[PDB]
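Next up is one chain by itself, shown in C-alpha cells, the form deposited in one PDB entry.
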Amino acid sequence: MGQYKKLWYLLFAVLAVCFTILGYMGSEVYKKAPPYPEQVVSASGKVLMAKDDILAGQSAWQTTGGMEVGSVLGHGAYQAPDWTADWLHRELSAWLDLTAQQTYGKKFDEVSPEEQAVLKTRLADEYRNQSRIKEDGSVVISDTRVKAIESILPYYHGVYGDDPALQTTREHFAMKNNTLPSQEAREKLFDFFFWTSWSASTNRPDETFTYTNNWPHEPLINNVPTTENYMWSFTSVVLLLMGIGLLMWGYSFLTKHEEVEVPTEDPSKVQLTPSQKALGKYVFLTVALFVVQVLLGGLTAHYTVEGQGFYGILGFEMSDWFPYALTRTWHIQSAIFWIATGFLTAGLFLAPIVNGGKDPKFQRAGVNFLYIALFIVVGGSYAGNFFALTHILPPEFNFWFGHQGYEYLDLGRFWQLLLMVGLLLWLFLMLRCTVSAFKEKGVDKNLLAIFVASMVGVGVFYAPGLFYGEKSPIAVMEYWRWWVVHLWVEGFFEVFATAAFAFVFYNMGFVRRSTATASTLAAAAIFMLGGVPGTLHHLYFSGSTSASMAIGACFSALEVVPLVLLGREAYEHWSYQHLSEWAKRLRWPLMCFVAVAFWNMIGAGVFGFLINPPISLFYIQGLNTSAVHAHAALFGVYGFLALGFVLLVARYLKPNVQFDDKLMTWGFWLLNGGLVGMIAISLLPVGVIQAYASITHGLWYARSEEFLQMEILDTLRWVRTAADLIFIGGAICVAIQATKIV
C-alpha cells in the first residue's frame, strides 16, 4: 500500500466499527420490536383479533399502496393523514367521551377541568400501563376501549370505501373512491391500524416510554419526548459544534493542495470502443426518464389542490385509473431509476478507459442485455403497480408482481430481484475491465483499488432490500429498507462519484496521483464514518429502542466534515482568467458540479440538520419539511451529478456537436430557480406552519384535513405551480440538449 497504509488502515477500522455498530443495532430490532400479540382479548373474554388478522391487515395495506396513501408510524405520503396518529387520537377521544358519560352524565367537553384531569390520568394509566403484553403473548383491553374502536370504525370504513357522506373527505385526502373495495380486507386493515396505534401508546416491558419512544406527540396520554431524547439531542448539537470548530481550526493543516501545472492537450484522446458507442441510448433513457418523472411530480401536485382532476370529460375518470397513489409511486420510482441509470452509464463509459481503451469480449452484448433488463424492470414494475392499485391483480401475487406498499421500494419482489440481477451484471461488466490494469508492473494501484471497491459497493449494496418478506415485522422491514434508501443512495454513491472524479481528474492531468489517491481515501473514510451509523436517524420512532436515538443523532452530526470543505476547492479555482484552454467549451457539465456543492451545503447540510436531532424529529417527522429536505438534497446533489455525468458522456460520444450555450444557460438557471422557488415560496412555509401546529397541539392536528384545508395552506400549494412550471421547462431544455447532442 506504500505511503497510503495509514489511510487504508483508518478506512478499514472505520468500516469495521461502523458496521459492527449497525449490525448490533440490527439484532436489537429483531428482539426489541413491538411484538404482534397472539390475541387481543376484551376484559370480558371476547377476542377482538389475532396475529394472523394483523398480518392480513398489513397485506391489505400493501394492496392500497401502503406508504404512498398517507403515512404509518411517520413514514409515507403527506396529503392523507398519518393513520397511526389519527387512529390513536380518535380512539382516545371516543374513550374520553364514553368514560365521561358513565361518570358525570356529560361529554368530555362539558366537564370541568378538575375532573378532566382525572379522566385524562385514568386514560393514561389504562393505555400505557394496563395494555402491556402479558406472559402468554396476549393483550387485554377494556370494554370501553372495545366500544371506542367500534364507534370509530365507520369513519375509516367510509374513508377507505365509497360512502357519499365522505366524498369530500376522500377528495381532500387525494384518495380514489374505492381504495380497498373489500369490506373483509378493510376490517383487517383497521386491525393493523389498531395494532400500530397500540404499539405507539403502550409502554415497553421494563420502561416508562412506549415502543415508539413516545411517538407521536399526543398530550392526552403524555406522549412527550423522553430524557434520553433531550440528552442525546444536546449531545449531538455539542458534537456538531465541536466538529465545526475543529474543522475551522485544522483546515489549513488538513488541506495542502499541491497543484499541478495545467496541460495543453486532451488525453479527450479516446478512440471509442463499440461498447462505449452503445451508451447514447443510456443517455437518452436517463433524460427521458427525468422528464417523465418531473411530469409525474407535476401531475401529483395537481391532486393536492383539486383531488380528482380538471376537465377531461378522456372519456374515463382519471383517479379511478391513475390516482394520486399511483402517480406518486411512479414519481418516486422514476427518480431512483434515472439517477441510478446516470451513474451506471457514467461507470460503463469509464470502464473501457480503465481497460486501456479496449473491449473485453462481449462487452457490447452485455451492455445491450443490461439495457434490455433495465427497460423490462421499469415497464413491468409500472404495469404491476397499475394492476395492483386497480385491484385487478389477485391479492396472493400483490407483493411479488404489484405494489409492495413500502416507499422507495414500491416495485414488486420479482422486479426487485431482476434489478438486483441487472446490478450484478453491471458489476461484472465493470470488474472484467480491471483485471489487466491490476496485472501490471510498476504502476501504483491504490487509486484503482479504491475505485474498484466503490464499484463493488454500488453493485452489491442493493441486496439488503431483499432481506424482508411480505409478513416480516414492520421494524425489521424498516431497518432493511433504510439499509438501501440511506446507505446505498446517500452512501456508496458519493464514494463512487468521488472515485470517478479523482480517476478522471488524474487521467486528464489536473491533479497529482498521490493527491487524488489520498483525497479519495479520506473522503471514503469520512463518508463511511458519517453515513453507515447515520442510518438510524430514520428509525427513531419505528419500534426501535432508545439506543437508535443515541447512535443516529451523534454520528449523523459527524457528517458535517465533507459537506463543508466541499467545493471550497472550486471557489479556490473558479477565478481562472481564461485558464480553461479546452474546458470552457464544456463549461456546463463541469458547472453541474458547482450547483452540486451548493445544494450539498444547503439542502443536505442546513435542511438536513434542522430535522436531524431527535428532539426536532419527534415533532416534524411526517411533515412537509421532510419533502423540502428530500427535494433539495436528492435532486440538488444526485440529480445534478447524474445530469453532469450523462452530459459529459454525450460530449465524448459526439465531439463534433456544439452545446448551444443559450439553451444550456436557460435550462440550468430554470432548474436552479425552480427548485429554489418551490422550496422557498410553497414548501418551506407549509412545513413551518405544520411544525408549529404539531408542536402546539399534536401531529394528529398538523395532519388533519381541517388543518390542511385552511385558506392559507391551499393558496400556498397552488402557488407552487409557478415554480413547478419553471422546473419542468428547465428539465425539458436539458433533455433536448442531450437528445440534440446524441
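Note that residue numbering follows the sequence shown and begins at 1. Rigid core (definition): largest C-alpha set, two forms, superposition within 1.5 Å.
Same protein, other form: the form deposited in another entry, not shown, and the subject of what follows.
In a superposition on the rigid core, which residue from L247, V224, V456, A630 has a CA displacement reaching 2 Å or more between the shown form and the other one?
Once the cores are aligned, the residue moving by 2 Å or more is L247.
Is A165 one of the residues whose C-alpha moves 2 Å or more between the shown form and the other one after the core fit?
No; that C-alpha moves by less than 2 Å between the shown form and the other one.
Core aligned, does the CA of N656 move at least 2 Å between the shown form and the other one?
No, its C-alpha moves less than 2 Å.
Cα of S575 displaced 2 Å or more between the shown form and the other one, core superposed?
Yes; that C-alpha moves by at least 2 Å between the shown form and the other one.
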